[PDB]
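Just the one chain here, the form deposited in one PDB entry, laid out as structure tokens.
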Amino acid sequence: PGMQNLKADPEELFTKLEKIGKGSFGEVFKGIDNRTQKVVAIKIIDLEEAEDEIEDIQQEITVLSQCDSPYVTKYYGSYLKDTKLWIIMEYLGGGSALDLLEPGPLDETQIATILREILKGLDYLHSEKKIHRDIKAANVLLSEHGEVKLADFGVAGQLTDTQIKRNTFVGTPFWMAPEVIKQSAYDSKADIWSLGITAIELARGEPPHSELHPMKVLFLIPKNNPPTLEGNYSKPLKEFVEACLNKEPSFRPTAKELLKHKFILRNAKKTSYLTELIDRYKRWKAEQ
């Protein structure tokens, strides 16, 4: 249906190793591409224990298959095996940006570096008329040497000539733009709001309203003034957040524009410097 390139018998080409993740969809496993010995991530979904989101799982494969960017998790293919569908993607062993927050706070160079790479991902997606719709630190994954990529396209949307806006209530409430919660007509500017919340998340460790029940934020977000970054942070970082978190979507800058923001230019450095953060998490995790 949109599965034209669905492949068969994955275990000839890949080796399944241990489990590494879980979600509403099913489960995620480490694996090996037996042709290259590169390590991959295999998302496995039980088609029979699946229902309704079958319509989503296809959409996810569709979006993934259409992305070709170093800032988006590489897509290897979807494979059918008895009752299970394998969705095989690039493996990234550095941890998510949310993981890297667990041991302690980031500094603004690290925040800027991570945001700059997220922005390159968003610029790529939005130039392809795609909207991620679940931007948050947990879906920003790093290689063990500091490359930063967007992941989890489970609720990603696509715009077309006949569908210039979306309306669907998707995303993670703390990070959702007010127009998405209202289910008004929205586009890639929704991702820019979520990016602003993600910036606060990277700076403070958690998004606004994080101690509240997510249902409460469904009225708080459309109603309240937009969040701001409070605390002892640089003015350009605070202005970066402010630019993103405008209630009116057309007043938010594009990802391209944000790549030239003073905060990004003054503070972002080489991604390889992020190995320091990756090492911190490994040490921290080993002693938990």
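If you superpose the two forms and keep the largest set of C-alpha atoms that fall within 1.5 Å, you have the rigid core. From 1 onward, residues are counted along the sequence shown.
Although not depicted, the form deposited in another entry is the subject of the following passage.
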Inset, instruction - Could you check which of 223, 35, 235, 260 shows a C-alpha shift of 2 Å or more between the shown form and the other one after a rigid core superposition? - result: 35
Legend entry - C-alpha of residue 9 off by 2 Å or more between the shown form and the other one on rigid core: yes
Legend entry - Threshold 2 Å Cα movement between the shown form and the other one for residue 276, core superposed: no
